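Chains as they are written, first to last, in our numbering: chain A, 21 to 70; chain B, 3 to 343; chain C, 3 to 343; chain D, 2 to 151. Here is the structure we will look at.
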Amino acid sequence: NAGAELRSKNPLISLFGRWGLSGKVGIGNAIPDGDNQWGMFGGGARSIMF
Amino acid sequence: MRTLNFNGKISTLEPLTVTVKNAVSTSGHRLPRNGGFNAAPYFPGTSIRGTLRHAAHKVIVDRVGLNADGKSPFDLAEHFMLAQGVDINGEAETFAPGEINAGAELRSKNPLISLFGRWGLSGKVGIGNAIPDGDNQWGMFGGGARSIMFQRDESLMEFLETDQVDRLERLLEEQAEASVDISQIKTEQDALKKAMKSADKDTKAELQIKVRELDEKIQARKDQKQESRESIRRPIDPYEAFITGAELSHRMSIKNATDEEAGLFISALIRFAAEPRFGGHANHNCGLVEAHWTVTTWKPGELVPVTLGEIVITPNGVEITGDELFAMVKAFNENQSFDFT
Amino acid sequence: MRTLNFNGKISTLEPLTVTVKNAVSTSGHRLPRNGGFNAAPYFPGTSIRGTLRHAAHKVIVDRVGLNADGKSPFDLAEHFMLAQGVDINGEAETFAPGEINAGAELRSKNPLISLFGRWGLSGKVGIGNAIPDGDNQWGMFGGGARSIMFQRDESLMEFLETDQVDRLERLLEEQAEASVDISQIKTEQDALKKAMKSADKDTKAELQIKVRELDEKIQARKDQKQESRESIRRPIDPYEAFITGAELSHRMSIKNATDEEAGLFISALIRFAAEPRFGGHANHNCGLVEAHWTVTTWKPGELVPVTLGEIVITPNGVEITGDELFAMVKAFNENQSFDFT
Amino acid sequence: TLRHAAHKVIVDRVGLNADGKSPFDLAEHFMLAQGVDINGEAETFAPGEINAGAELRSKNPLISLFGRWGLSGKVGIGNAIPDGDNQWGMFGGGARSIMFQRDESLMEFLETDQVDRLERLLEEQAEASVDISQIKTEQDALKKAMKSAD
RNA sequence: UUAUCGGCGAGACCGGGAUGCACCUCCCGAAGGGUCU
DNA sequence: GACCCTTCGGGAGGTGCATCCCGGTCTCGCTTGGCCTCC
DNA sequence: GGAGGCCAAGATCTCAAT
Numbered sequence: 021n022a023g024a025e026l027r028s029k030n031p032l033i034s035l036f037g038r039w040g041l042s043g044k045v046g047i048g049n050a051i052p053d054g055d056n057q058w059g060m061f062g063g064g065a066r067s068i069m070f
Numbered sequence: 003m004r005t006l007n008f009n010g011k012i013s014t015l016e017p018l019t020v021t022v023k024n025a026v027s028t029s030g031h032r033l034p035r036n037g038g039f040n041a042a043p044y045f046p047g048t049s050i051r052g053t054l055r056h057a058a059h060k061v062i063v064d065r066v067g068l069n070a071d072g073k074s075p076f077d078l079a080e081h082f083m084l085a086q087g088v089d090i091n092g093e094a095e096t097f098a099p100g101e102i103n104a105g106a107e108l109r110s111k112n113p114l115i116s117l118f119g120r121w122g123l124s125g126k127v128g129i130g131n132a133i134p135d136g137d138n139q140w141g142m143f144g145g146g147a148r149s150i151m152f153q154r155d156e157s158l159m160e161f162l163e164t165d166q167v168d169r170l171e172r173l174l175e176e177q178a179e180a181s182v183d184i185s186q187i188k189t190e191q192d193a194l195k196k197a198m199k200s201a202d203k204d205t206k207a208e209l210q211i212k213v214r215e216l217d218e219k220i221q222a223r224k225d226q227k228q229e230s231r232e233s234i235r236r237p238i239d240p241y242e243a244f245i246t247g248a249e250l251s252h253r254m255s256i257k258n259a260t261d262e263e264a265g266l267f268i269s270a271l272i273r274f275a276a277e278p279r280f281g282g283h284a285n286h287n288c289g290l291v292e293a294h295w296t297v298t299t300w301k302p303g304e305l306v307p308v309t310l311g312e313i314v315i316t317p318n319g320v321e322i323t324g325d326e327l328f329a330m331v332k333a334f335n336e337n338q339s340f341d342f343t
Numbered sequence: 003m004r005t006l007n008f009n010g011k012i013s014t015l016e017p018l019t020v021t022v023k024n025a026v027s028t029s030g031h032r033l034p035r036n037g038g039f040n041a042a043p044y045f046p047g048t049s050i051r052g053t054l055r056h057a058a059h060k061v062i063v064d065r066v067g068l069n070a071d072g073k074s075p076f077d078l079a080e081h082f083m084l085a086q087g088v089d090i091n092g093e094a095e096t097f098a099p100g101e102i103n104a105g106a107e108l109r110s111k112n113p114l115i116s117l118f119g120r121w122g123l124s125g126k127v128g129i130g131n132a133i134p135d136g137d138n139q140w141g142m143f144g145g146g147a148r149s150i151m152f153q154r155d156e157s158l159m160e161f162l163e164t165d166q167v168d169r170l171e172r173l174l175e176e177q178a179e180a181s182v183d184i185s186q187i188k189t190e191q192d193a194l195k196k197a198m199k200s201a202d203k204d205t206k207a208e209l210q211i212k213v214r215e216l217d218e219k220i221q222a223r224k225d226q227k228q229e230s231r232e233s234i235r236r237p238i239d240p241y242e243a244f245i246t247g248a249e250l251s252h253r254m255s256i257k258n259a260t261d262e263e264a265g266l267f268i269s270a271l272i273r274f275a276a277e278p279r280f281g282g283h284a285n286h287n288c289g290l291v292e293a294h295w296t297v298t299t300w301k302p303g304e305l306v307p308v309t310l311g312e313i314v315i316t317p318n319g320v321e322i323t324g325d326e327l328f329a330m331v332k333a334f335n336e337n338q339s340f341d342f343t
Numbered sequence: 002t003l004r005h006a007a008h009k010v011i012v013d014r015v016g017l018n019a020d021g022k023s024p025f026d027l028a029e030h031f032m033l034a035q036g037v038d039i040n041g042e043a044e045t046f047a048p049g050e051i052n053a054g055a056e057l058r059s060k061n062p063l064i065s066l067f068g069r070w071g072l073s074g075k076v077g078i079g080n081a082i083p084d085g086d087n088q089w090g091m092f093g094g095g096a097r098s099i100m101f102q103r104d105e106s107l108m109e110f111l112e113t114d115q116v117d118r119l120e121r122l123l124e125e126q127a128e129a130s131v132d133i134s135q136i137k138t139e140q141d142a143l144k145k146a147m148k149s150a151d
């Protein structure tokens, strides 16, 4: 019976939560709509500047 | 007067479990094993026999008729005799040994008591165990843990009034305290229990007495609690069951089955298909099965049996093939000389 | 009174996970497996039963109606009995001779207890497991790593006072030193813990005692840590869950369901559709599902079932089809003779 | 079991009389089945010889295979010795229940007087169980001190 | 092998209730470049 | 169309709680007289 | 009216237990 008061005082810890206090916010994974929407990027190579 | 052998398989749609008194131990719930502690489990033929016997009993109850109030003509004694096979009034026609054709009239007039029998009257129906086809077709199901609904879902606290909220707080504090005390008592109890392996028998007796008194202490401590004797939050121990999709081979037979008794048995199988549930833990829908049996008869003196047909029980219906099984069912449903009282 | 079989599937809109006590081990988090270690996991029917039972409890609470304050007329014992089937008052008796016929009235007055039973009253609702259609429909999700807030983002350093920056410096230093100490203790701990495979039976107790003492020393090392007890920076172990878009075959049933009981159950399904979340890990939005069930009935003695309708739960709404299901829900709603107290 | 099978073979072979009654009376039935002679009309061979009853063995194959009292049988049937070491187990078991405490739909069939009779039955069963448990407890207490008794 | 012959059998559902859950950014730096109609 | 050059590390948790009950069978391995109906 | 057939009666008590 302390959650209600605590959640009213602290909206952030109400939303996201802590150990023992459940968070109201659930944020799921992001799934691609189609296919072949992922690839290798970056890479490259360090080179002697001089 | 023919022998019908029902050779087939029982396919499992939901885990199949059963609690046999001699199979379960303090360590945990185990299925009855096919001989030994490390052998393959099986589903008891006793459970299948009881389920089919009660299905046949309900077939008979429906066939005799129900009055406008929905009451059957049978008193308590007839119901017990037809389903449990036990007589309470003591009026069962006891056959002294040596009687020629002992059950003749009773078998001719009461196909249910002819099929399944009682004390003093051998039943023609033998329903064997179900044996899995492969290995690792069983596992520990159930599990879980009961939980405070108000610690899990805080939105339930809004319904509770202040007095009940305080009652909840006292209940939880009491649960924690009792858990700690019982835990200490259990630690001492298991200390004596691990000392139980002492070679001296006298010590073992003394340890057993002390363990008994510690169990009494646990019960006393539980009684001292005022809010709730039992702890609400507790893990639930699993039960062993056959996995979903397990194939279990089954054998049933009727020895010297007339058309009427075979028809009653087939009607019992048909009615069983409406609720094809074996075993227990139905709260988790355990026990649903689908089965198919191939019916064969063997005339003594001949070298090969002949297949009469097949009974297939599926969630989509009951399939019965072969004109002989239909003839059996029609013979049962069209014989009006049955007296089940 | 007819049996209703709910045959259908559950489609996961988000990963579906559950932590069953026996299912997990020291290796990590795992779903309960249908058979053995290398078997196809399933979603327990116990969790589904609990979620639907609490949905039905909320249905009953809303139907009864709250007072002006927003409080419910039910006592704490009545909430506990409806939602979890727990008699904290210590009045439940399993084999009371006088309760032999009193079950019918209790069921007729209390649809929720009739559906979901208690200790001593069988529940008409059986809710089975959810078993995936395909293979490789599960995986390890949730793996992450808690970070130091002020090392990832240095712009938050300027918010802290000068005295608190030293607090964070002490936190980081103590984390480093305690982590190296605990890692050394662990690596020697596991080095001898690996010896469990081939060790003397007598030394096995000491090896258990040795590891326990090492655990005590680890706890003592953590205890002397001043600024924090547990290190902020740590990797988070993943949990096993069904993949997004997994198709799990699920089967539910109500045995001899009155129209009112079936209406209560369908209303529980309708209320569950507001938050169709099974299992755990509410953060990461795990557990969201989308299910459709086909309701069929089977009158005993018949050969083929009858389809009453389909219940479809989607994020866009709930669809109930068939005049029978609407009649059931109406029958539940229009009955004013229920006493849940 | 095999002697009964042979007796059934003989009964089938001989057939039934014109009236449909089996042509064996009680005496012949027990001679073929159990091997006893109930009326004392059986041949009593001299004890000295071994190859006795040649005519009887020629005429009655069942008595020749499975003997009678006074005539040794030619059929020896041995035990069925198991091959493995864990091929036996405690099967059966189970537990008889009450058909009305397990299935509640069966109570709808009972009338009021029958329901009252069932309630009386359950109460009597519980009372008798408790009383008999007390008596067995006292009996076991006697048994434990029986060895220490003079 | 100290003689002879003999199925131990029948009936029984062990079942009932229980959400295992709560919190956590895995991040950080790097020219792949040059010769020839 | 010839060839370099393949990285470092941090850090791994904490809790509860472990139930209650029934209900344990009946025969029999002998002979003879008393008595009920039967042919 | 034996003659078949059933049923009740007759003494006291039997230790071994993974």
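Every residue, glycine too, gets a C-beta built ideally from N, C-alpha and C.
Whether residue i touches residue j by CB criterion (8 angstroms)
i	j	result
residue 248 of chain C	residue 99 of chain C	no
residue 15 of chain C	residue 317 of chain C	yes
residue 311 of chain B	residue 292 of chain B	no
residue 136 of chain C	residue 254 of chain C	no
residue 85 of chain B	residue 273 of chain B	no
residue 329 of chain C	residue 261 of chain C	yes
residue 243 of chain C	residue 141 of chain C	yes
residue 259 of chain C	residue 68 of chain C	no
residue 62 of chain B	residue 334 of chain B	no
residue 263 of chain C	residue 17 of chain C	no
residue 36 of chain D	residue 70 of chain D	yes
residue 162 of chain B	residue 271 of chain C	no
Within chain B, partners of residue i - CB distance below 8 angstroms
i	result
residue 30 of chain A	Chain B residues near residue 30 of chain A: none, gap ~14 angstroms exceeds 8 angstroms.
residue 26 of chain C	Under the 8 angstroms cutoff, chain B gives no residues; its nearest Cβ is about 10 angstroms from residue 26 of chain C.
residue 66 of chain D	Near residue 66 of chain D there are no residues of chain B at all, since even the closest Cβ is about 18 angstroms away, more than 8 angstroms.
Residue i versus residue j - alpha carbon distance
i	j	result
residue 44 of chain B	residue 34 of chain B	6 angstroms
residue 158 of chain C	residue 180 of chain B	47 angstroms
residue 73 of chain C	residue 268 of chain C	25 angstroms
residue 169 of chain C	residue 229 of chain C	8 angstroms
residue 145 of chain C	residue 209 of chain C	32 angstroms
residue 156 of chain C	residue 288 of chain C	32 angstroms
residue 19 of chain C	residue 266 of chain B	48 angstroms
residue 203 of chain C	residue 197 of chain C	12 angstroms
residue 2 of chain B	residue 132 of chain B	What the structure shows of chain B is the stretch from 3 to 343, and residue 2 of chain B is not part of that stretch, so it cannot be assessed.
residue 176 of chain C	residue 182 of chain C	10 angstroms
Integer-rounded CB distance, given that residue j should sit under 8 angstroms from residue i
i	j	result
residue 294 of chain B	residue 314 of chain B	4 angstroms
residue 148 of chain C	residue 236 of chain C	5 angstroms
Chain-ordered chain D contacts of residue i [CB-CB under 7 angstroms]
i	result
residue 35 of chain B	90
residue 103 of chain C	108 and 116
residue 63 of chain B	110
Closer than 8 angstroms at the beta carbon, the chain C residues around residue i
i	result
residue 273 of chain B	302 and 303
Contact set between residue i and chain C, taken where Cβ atoms lie within less than 9 angstroms
i	result
residue 119 of chain A	Outside the displayed range of chain A (21 to 70) lies residue 119 of chain A, so it cannot be described from this structure.
Residues in the segment 76-105 of chain D having any Cβ partner in chain B nearer than 9 angstroms: Within the segment 76-105 of chain D, the residues whose Cβ lies closer than 9 angstroms to any Cβ of chain B are, in chain order, 87, 88, 89, 90, 91, 92, 93, 94, 95, 96, 97, 98, 99, 100, 101, 103 and 104.
Under 9 angstroms, CB to CB, which of the residues in the segment 285-311 of chain C have a partner in chain A? For the segment 285-311 of chain C, residues whose beta-carbon sits nearer than 9 angstroms to a beta-carbon of chain A comprise 285, 286, 287, 288, 289 and 290.
Which residues, taken in chain order from the segment 217-235 of chain B, show a beta carbon closer than 7 angstroms to some beta carbon of chain C? Those would be 229, 230, 231 and 234, in chain order.
Can you give me, in chain order, the residues of the segment 315-333 of chain B that have a beta carbon less than 9 angstroms from any beta carbon in chain C? Cβ contacts with chain C come from 317, 318, 319, 320, 321 and 322.
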